[PDB]
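Next up: just one chain, as structure tokens, the form deposited in one PDB entry.
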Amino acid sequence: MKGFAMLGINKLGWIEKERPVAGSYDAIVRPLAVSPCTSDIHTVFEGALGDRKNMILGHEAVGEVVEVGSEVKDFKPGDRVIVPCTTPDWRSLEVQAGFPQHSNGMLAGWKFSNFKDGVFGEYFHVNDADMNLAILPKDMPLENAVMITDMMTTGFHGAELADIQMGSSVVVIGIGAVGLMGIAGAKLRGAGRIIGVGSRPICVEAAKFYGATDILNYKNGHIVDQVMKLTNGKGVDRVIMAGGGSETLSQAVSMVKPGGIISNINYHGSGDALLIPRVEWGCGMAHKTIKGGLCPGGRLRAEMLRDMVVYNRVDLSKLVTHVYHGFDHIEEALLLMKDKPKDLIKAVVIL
């Protein structure tokens, strides 16, 4: 089979690989729709995942089951499925401790284009079909469903880790796809005021559509000062770090109130470390909790988010700015995420 892989650091291209085979509990799936992610860019041009050879990229996809192992019981060839980017090995001690995302290792739950060929191929492998797949609703637009696989679950997890209270004020730093879902998730957790930080026009409009009551640009001064002016020197209850460099941590700590919570859902791929401003962090005693984690995956997570979409709790269509038709457009779409044109949020390739 043919697949769009990473020939090597800073190098991409199509390669020829043998079709993956399913174990007794797995499934081989063919993509119906896929979407490039900021991670595919990190992994290649930033070596976020060290070096890799002939590895098929991509981890956001909806598709059709074409083959299932003999022990698979809830899925059969022909089924249309939503594939969460995170597909944990459910039989590990990390799962027993309540952290499937790190089953068998840190971030190990995230297999596609991590240490397992991704979805940008004619076919791809899904471990434990019954535990990691969800049926795609009959009338659901492919472009929308693809947003569930990573954008929705990650953004929403940002709001969950933030332990938002009804009426809490929230600042979302970064208004790209993930940050936009962080805003929507924050609203669906009862957030009162929601301040989105970003400037890309199409993103600013989407941020407001999802719930942002205020928008701040870095170009108008220090974000912390801006936030303080909007909150009359009180600061905000919660901060969700969805984009930017390591400097956003320092900003989150400075604008968040003592006893507040900072939730990171941004994948930091550059630099040796992130810095916590001592004074603003109350010298480590201001109860400004710092959290951060990979989006939950698996069947239950996918079905629950899917149902939120079916019940119109969120309109995912506003995330899709570009739609291509044809496997041949994968390279074009991915390169779109690399150059980051100003009118882009997410791109979906419909085979």
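So that there is no doubt, residue numbering starts at 1 and follows the sequence shown.
We do not show the form deposited with a small molecule bound, though everything after this point is about it.
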Which of 321 to 329, 33 to 41, 297 to 305, 64 to 72 lines the interface with the small molecule in the deposited bound form (heavy atom within 4.5 Å):
33 to 41
None of 156, 110, 210, 124 but one has a heavy atom within 4.5 Å of the small molecule in the deposited bound form; the exception is 110
Tell me, out of 141, 260, 174, 235, which residue has a non-hydrogen atom within 4.5 angstroms of the small molecule in the deposited bound form.
174
Can we say 199, 244 and 265 each have a non-hydrogen atom within 4.5 Å of the small molecule in the deposited bound form?
yes
Contact between residue 85 and the small molecule in the deposited bound form at 4.5 Å, heavy atoms?
yes
Check whether residue 170 has any heavy atom within 4.5 Å of a heavy atom of the small molecule in the deposited bound form, and answer yes or no.
no
Spell out, yes or no, whether the shortest heavy atom distance between residue 227 and the small molecule in the deposited bound form is within 4.5 Å.
no
Any non-hydrogen atom of residue 19 within 4.5 angstroms of the small molecule in the deposited bound form:
no
